[PDB]
Amino acid sequence: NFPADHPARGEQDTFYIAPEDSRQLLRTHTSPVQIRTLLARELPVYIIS
Amino acid sequence: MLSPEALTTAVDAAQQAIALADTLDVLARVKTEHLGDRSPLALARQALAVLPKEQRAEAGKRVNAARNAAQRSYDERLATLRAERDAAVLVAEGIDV
Amino acid sequence: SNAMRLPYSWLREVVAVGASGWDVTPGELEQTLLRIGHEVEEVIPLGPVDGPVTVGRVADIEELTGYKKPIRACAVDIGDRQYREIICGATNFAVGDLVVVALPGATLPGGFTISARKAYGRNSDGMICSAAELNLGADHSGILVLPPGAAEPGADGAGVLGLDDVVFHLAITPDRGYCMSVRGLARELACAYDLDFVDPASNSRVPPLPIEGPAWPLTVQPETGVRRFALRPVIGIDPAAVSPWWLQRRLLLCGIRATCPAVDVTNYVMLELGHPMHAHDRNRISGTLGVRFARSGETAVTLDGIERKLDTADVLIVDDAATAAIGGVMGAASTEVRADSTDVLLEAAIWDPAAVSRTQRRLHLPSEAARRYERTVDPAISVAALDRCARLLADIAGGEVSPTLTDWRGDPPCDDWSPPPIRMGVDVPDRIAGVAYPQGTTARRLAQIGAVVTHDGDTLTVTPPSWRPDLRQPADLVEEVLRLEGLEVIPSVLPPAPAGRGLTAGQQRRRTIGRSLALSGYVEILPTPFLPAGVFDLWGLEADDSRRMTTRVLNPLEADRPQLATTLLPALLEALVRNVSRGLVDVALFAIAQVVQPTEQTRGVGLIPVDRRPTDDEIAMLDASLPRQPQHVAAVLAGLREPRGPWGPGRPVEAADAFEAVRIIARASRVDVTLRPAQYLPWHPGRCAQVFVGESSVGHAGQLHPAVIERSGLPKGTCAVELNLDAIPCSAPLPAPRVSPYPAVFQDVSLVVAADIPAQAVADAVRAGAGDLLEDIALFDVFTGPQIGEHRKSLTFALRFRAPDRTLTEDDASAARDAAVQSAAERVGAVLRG
RNA sequence: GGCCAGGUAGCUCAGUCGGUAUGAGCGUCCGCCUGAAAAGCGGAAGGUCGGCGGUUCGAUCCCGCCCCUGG
Ligand SMILES: [Mg+2]
Ligand SMILES: [Mg+2]
Ligand SMILES: [Mg+2]
Ligand SMILES: [Mg+2]
């Protein structure tokens with residue numbers, strides 16, 4: 001739920017993967033693992049990464 | 001440390017000692033005594049400061065060509081010994097892993 | 001970017017309009033702001049000063065010459081018949097200026113006691129103070145010059161300067177742009193303290209100015225995302241007028257320098273209401289003002305006299321002559337207010353938040369206006385903020401407000417800026433908070449923050465106010481109820497977590513490997529993914545080496561380290577150099593982390609809509625576009641493997657120590673590995689083993705190549721090992737040992753083989769021929785003496801035979817030994833020692 | 001983004017705006033010494049003075065670009 005072109009996302013300075021606009025980066029948090037677990041596992045989920 | 005006779009003498013003394021070194025450890029000794037700060041070719045560049053200003057451009061040019069001669073012979077000799085070392089590590093230091 | 005600074009006195013004043021007499025300590029105010037969600041980065045009190053600190057007027061200036069710097073002997077009127085002679089080094093003041101004087105006996109911030117001094121051959125009876133010396137501001141170049149009429153000579157300096165005030169430095173989260181002003185912060189305090197709030201932007205506080213016609217011709221392209229564009233002129237302002245001290249001081253305490261009334265009022269109103277304002281010199285406008293996207297390759301010079309390259313996504317204000325402003329970022333120097341400006345046209349506009357964000361970030365202009373527009377500015381208060389500016393500017397600079405107004409509000413004009421209503425159950429905040437809130441708490445709190453609440457049985461219909469575009473879903477409303485009621489009331493109950501499966505086999509193996517290596521003498525590090533500069537050039541790898549295919553970072557902290565690690569050794573060797581270079585020369589390190597091994601160029605995937613679950617094919621596509629990231633275990637060794645002591649001088653690191661590190665990892669993983677000779681940089685090609693689990697390669701180990709050691713500044717004889725843990729299968733063996741009660745037979749067999757024959761191959765040949773009677777085999781001698789031919793070696797194994805059902809004879813054991821020798825002769829060409 | 005100040009031996013730091021950094025402390029090596037050590041005393045090695053170019057007979061020093069710091 002990060003808003004695009006917004007200080008909630010732009011001010012989150014990130015190691016972006018070259019070239020520019022690759023939509024690939026080094027994760028600023030392990031939160032994308034929580035997205036993968038919700039897509040992979042069945043409910044209920046009680047997970048730690 | 002003046003005439004080209006004194007420069008060619010030190011270059012040949014440095015060049016023949018460079019061609020004599022067969023191991024990398026020996027070439028390190030030659031680098032100290034023939035290219036280091038206490039070497040004859042280094043003392044020739046140190047004497048360029050006590051020379052009159054009108055003579056630094058002429059004498060300094062003869063020192064650079066002499067230093068580049070011994071420096072070029074050192075680099076090619078260092079590459080030759082490094083090439084021999086790299087080609088000999090397989091057999092001369094092989095073990096049963 | 002999220003900083004907001006304001007003095008407590010100003011904040012208290014706005015709150016006190018609807019809560020007369022309201023006043024709290026700075027300590028309590030900080031806790032209240034923290035309790036409702038506003039980070040207080042710093043609480044900076046002003047001053048303090050003590051003793052005679054008074055307002056003075058410079059009555060004369062004598063220039064003391066002949067010194068290292070210009071020095072002034074000043075006669076200062078402090079309100080009595082005896083003027084004071086004060087030596088001052090500053091030069092930013094003239095005769096007749098109002099200054100702040102610290103007389104002998106006064107105390108300035110920091111225990112600086114003031115007394116008479118004998119400076120520059122003169123007697124100084126005090127000092128003229130700077131803003132920094134009074135702890136009022138950061139200005140230390142010159143001394144503080146109060147604007148004319150601010151006070152009379154003799155007035156108490158602390159009272160005039162308001163040194164009892166306190167400045168609050170707040171970090172505002174990007175969802176609360178309305179708090180980027182005294183208006184929003186005062187409203188928050190009215191909610192937290194259950195007070196009546198009088199909106200400083202309401203018509204009662206800013207009564208509407210007359211509307212008798214258009215103020216300026218205007219063409220607006222609605223595709224630019226502009227929501228409102230209002231203009232009102234102020235004619236006949238005095239170019240000599242200065243902003244009063246109360247206005248210059250509040251700007252100062254908020255971190256804005258005063259310049260001229262026209263600009264000071266626009267900045268003041270922006271701080272007060274949150275609506276950025278801008279003042280144009282109307283006499284420098286040529287024709288119709290136009291709001292449109294910039295064209296390809298269009299440029300403009302901004303307020304600071306710097307030319308900017310514009311994009312077709314940038315919104316501009318132009319006329320018939322040039323560009324007047326970069327919409328929502330900064331105005332241009334063309335229509336900029338100057339010292340001789342007499343007729344001002346004020347700009348009150350609402351820009352698209354995303355458009356301003358892209359433009360200010362591309363141009364690196366985080367101005368006060370831009371960082372407010374990108375967090376959404378309340379579009380309903382435009383004309384209110386406009387009328388506030390026009391009335392205040394005309395009053396200060398002796399101008400006159402023109403009764404004309406242009407107010408573009410879209411096609412068709414929008415006369416109601418209410419967001420869409422939200423439906424939410426009355427007890428939804430109660431469920432998420434886990435607290436049974438009192439009756440009507442949700443509706444009361446939502447009404448406090450400005451929303452319209454209507455009841456429909458148990459379902460609330462909530463319409464958030466125009467200054468709260470962050471309130472879009474019921475969850476947003478839940479946060480408002482919970483934060484105002486306080487998160488401290490939420491109880492602590494542990495959730496019903498089901499019967500979990502615990503650690504996976506891979507996570508359990510990762511621990512066992514770490515425990516084993518640490519118990520064997522290795523020290524774990526945390527490897528960095530950024531490779532050292534030119535590490536593969538030092539290793540002498542070929543240009544087509546797969547380890548060179550690395551993923552590169554666009555914005556690394558070091559421009560010479562952009563590539564991600566395809567191997568763990570460069571990070572381990574870097575930590576190995578750090579230890580050895582600092583006196584710890586006998587070191588053994590290991591690391592267990594992932595690598596980044598791309599199989600193609602950097603290929604991205606377009607945005608998948610987040611209003612739905614991605615399909616299983618879309619999830620697989622996102623995974624395939626990512627580089628392979630297997631988990632590796634690696635280790636490096638140098639110096640002594642075993643330290644010296646009362647037993648002996650210790651043993652240096654050798655290649656066999658790295659080979660044993662493989663078997664330590666293999667035993668921890670409960671897999672069987674084989675080591676085979678291989679050539680693989682950066683290892684020593686004659687002391688390099690390739691590790692196999694079955695017939696699958698999992699890594700290498702041994703001594704590093706001496707040329708790599710030289711070019712990398714490593715210790716001589718440094719050894720290393722790197723394994724691919726993902727390439728090693730997780731095993732779950734179930735042994736069923738059968739212990740035989742019968743005695744064993746011990747025999748030794750000596751075999752002569754070629755030098756190149758691996759000792760393991762000889763043992764495998766002996767094992768294959770001996771049969772099931774062979775219980776254990778162990779090599780204990782390798783002899784290459786003179787009685788052994790050149791390029792040959794003698795190997796002697798200790799054999800242990802035992803039958804499961806009988807006692808053997810020496811002939812029975814010798815039959816298996818002779819069968820083992822025949823197998824060794826057939827498989828590795830062994831000859832029985834003789 | 002500014003003019004500045006910096007990056008110097010294995011570690012921590014001095015110092016030089018053209019021909020030797022006589023660099024320091026500690027680290028490394030040799031000798032006397034000890035059964036073997038260390039200290040002590042006496043000897044040495046090691047920097048390509050951040051990188052890539054340019055100017056010059058010659059650059060740690062001058063000029064340009066760039067990398068990484070402090071303010
Ligand atoms: Mg925080
Ligand atoms: Mg919220
Ligand atoms: Mg250092
Ligand atoms: Mg000694």
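Just so it is clear, the values below take in all heavy atoms, side chains as well, and ignore hydrogens, waters and symmetry mates. Letters A, B, ... are given to chains in the order of the sequence lines, protein chains preceding strands, and every chain is numbered from 1.
- Taking atom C1' in both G46(D) and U28(D), the straight-line distance is 9 Å, to the nearest Å.
- Of the listed nucleotides (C57(D), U20(D), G46(D)), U20(D) has the atom at the smallest distance from the side chain of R45(B).
- For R38(B), the side-chain atoms get nearest to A45(D) when compared with the rest of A45(D), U20(D), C67(D).
- With a 3.5 Å ceiling on both atom-pair distances, the Watson-Crick or G-U wobble partner of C13(D) is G23(D).
- Look at the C1' atom in both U8(D) and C49(D): the space between them is 4 Å, to the nearest Å.
- With both ends at atom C1', the span from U48(D) to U60(D) equals 10 Å, rounded to whole Å.
- One P atom belongs to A44(D), the other to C52(D), and the distance between them is 33 Å to the nearest Å.
- In the displayed structure, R338(C) atom CZ is contacted under 6.0 Å by more than 12 heavy atoms of other residues, nucleotides or ligands.
- The bases of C4(D) and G35(D) do not line up as a Watson-Crick or G-U pair with both contact lengths under 3.5 Å.
- For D560(C), taking side-chain heavy atoms from C-beta onward, the closest of the listed nucleotides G10(D), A45(D), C67(D) is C67(D).
- A negative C1'-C2'-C3'-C4' angle places the sugar of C61(D) in the south (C2'-endo) family.
- Atom pair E558(C):CD and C66(D):P shows a separation of 18 Å (rounding to whole Å applied).
- Pairing check for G31(D) against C52(D): the Watson-Crick or wobble criterion is not satisfied at the 3.5 Å limit.
- Among the heavy atoms of the strands lying under 4.0 Å from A49(B) are primed sugar atoms or P, OP1, OP2 only; no base atom is included.
- Here, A38(D) and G27(D) have their P atoms 12 Å apart, quoted to the whole Å.
- Nucleotides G47(D) and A9(D), compared at atom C1', are 5 Å apart to the nearest Å.
- In this structure, of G19(D), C68(D), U12(D), it is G19(D) that holds the atom nearest to the side chain of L48(B).
- Environment of CD in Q55(B): crowded, with over 12 heavy atoms of neighbouring residues, nucleotides or ligands closer than 6.0 Å.
- Here the separation of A14(D) from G19(D), taken at their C1' atoms, is 23 Å to the nearest Å.
- Here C49(D) has a south sugar; its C1'-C2'-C3'-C4' angle has a minus sign.
- The cationic group of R552(C) does not satisfy the cation-pi geometry with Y16(A), failing either the under 6.0 Å distance to the six-membered ring centre or the 45° limit from the ring axis.
- What separates NZ of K716(C) from P of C29(D) is a distance of 12 Å, to the nearest Å.
- Atom P of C61(D) sits at a distance of 27 Å from the matching atom of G1(D), rounded to the whole Å.
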